[PDB]
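This document opens with one chain alone, in structure tokens, the form deposited in one PDB entry.
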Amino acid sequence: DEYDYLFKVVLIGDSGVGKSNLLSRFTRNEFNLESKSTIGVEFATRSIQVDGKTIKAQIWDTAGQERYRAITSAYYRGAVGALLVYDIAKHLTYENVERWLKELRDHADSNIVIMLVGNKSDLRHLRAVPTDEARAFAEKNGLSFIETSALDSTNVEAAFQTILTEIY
């Protein structure tokens, strides 16, 4: 309705890291243990205050199954921010971060803000990716970093708040 800006932010990362739940957690405060992730591409909006300004954060997610030219273009088109997500309890998903970074470099707009997100922090008892290793990688590649839990909500609001503030 009435707002100041509209920013599109896309979620990327291995399937199963919790992208659909970061989306639902942030935009509707909903979480599902048994995934209700999109079968294709999905986006939902959340209005949030940033520096007094009302921003409509339109968050995108995908199963990544469909990759024909048209859909891949539509996904990144206009995106001013990207949350590159991995699962702190699954090292493989972090090992794939390098590839997702290249993906963004090959399809995203040049001015896109990227933030590395280690999701499922509530599973720290089974941690597979040391916070320090991920943070160091984040710094060396010039991008913000934070660990979240869509499950218990820790840092979810902060994560989007941060990337949105970096874009504005």
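One rule holds for the numbers: they count along the sequence shown, beginning at 1. Rigid core (definition): largest C-alpha set, two forms, superposition within 1.5 Å. Only residues modelled in both forms are compared.
Omitted here: the form deposited in another entry. The next part is about that form.
Looking at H125, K140, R67, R99 after a core superposition between this form and the one not shown, you find that only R67 has a C-alpha shift of 2 Å or more. In the core-superposed comparison between this form and the one not shown, the C-alpha atom of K36 has shifted by at least 2 angstroms. Distance between the C-alpha atoms of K90 and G64: shorter by at least 3 Å in that other deposited form than in the displayed form. The gap between the Cα atoms of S37 and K56 is larger in that other deposited form, by no less than 3 Å, than in this form. Residues present in both forms were compared between this form and the one not shown after fitting on the core; consecutive runs of three or more with every C-alpha moved by 2 angstroms or more are 36-38, 64-71.
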